[PDB]
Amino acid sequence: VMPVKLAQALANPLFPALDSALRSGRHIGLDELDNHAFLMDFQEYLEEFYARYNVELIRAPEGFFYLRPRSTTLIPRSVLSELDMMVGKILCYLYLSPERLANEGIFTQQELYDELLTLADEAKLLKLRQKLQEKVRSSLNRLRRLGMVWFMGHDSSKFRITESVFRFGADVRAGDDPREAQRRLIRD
């Protein structure tokens, strides 16, 4: 028998879209009030539900939720490309920057691009130039689908970076300089 709250959850007007979203790999942070609240409220039960698919519903230490599939996932799996990962780690580096607090967490394609060239070995950066600036718009587009970024318009220009980027941060102990560790990750 299925718990009373599980049902109540699946019966919530918010479940359907969230469910689709969660299965696509999207991370639900706080700049998405209604949904996030929803998962905080039924985490215990949605946890069980998604387990049935061999997918763990996880709340990260920084607070966002996301499904992490196992090897036996019954949900179609896809995979980000090296450039997508690289971009994510760079988005994390940015979020860590002090400027971020004085920009309402807003950055530009160029800034991202600048920081990208600076830290990632520009030689391996070719593995996948004005094209490489357009291809970074792609990664940044999928990452937006994943809930890492929010666009300040329909275009790309400037975007807002959320706390879900930590999915891309480096293992850090209290006292470890996050930026040094992050670019050490980006670098190795």
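Quick note: we count residues from 1 along the sequence shown, nothing fancier.
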Problem set entry | Deposited but uncoordinated residues in the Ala37/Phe38 interval | none
Problem set entry | Between the two ranges 107-115 and 83-91, the one averaging a larger CA B factor in the entry | 107-115
For this session: Averaging only over Cα atoms, indicate whether 60-68 or 140-148 has the higher B-factor in the PDB entry.
Result: 140-148
Exercise. According to the deposited entry, which of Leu33, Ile28, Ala51, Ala120 has the largest Cα B-factor?
Worked result: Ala120
Problem set entry | Highest recorded Cα temperature factor - choice among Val55, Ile161, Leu46, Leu132 | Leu132
For this session: Could you tell me which third, lowest, middle or highest, the C-alpha B-factor of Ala7 occupies within its chain?
Result: middle
Exercise. Taking the C-alpha B-factors as the PDB entry records them, is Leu185 in the lowest, middle or highest third of its chain?
Worked result: middle
Exercise. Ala102's Cα B-factor: lowest, middle or highest third of the chain?
Worked result: highest
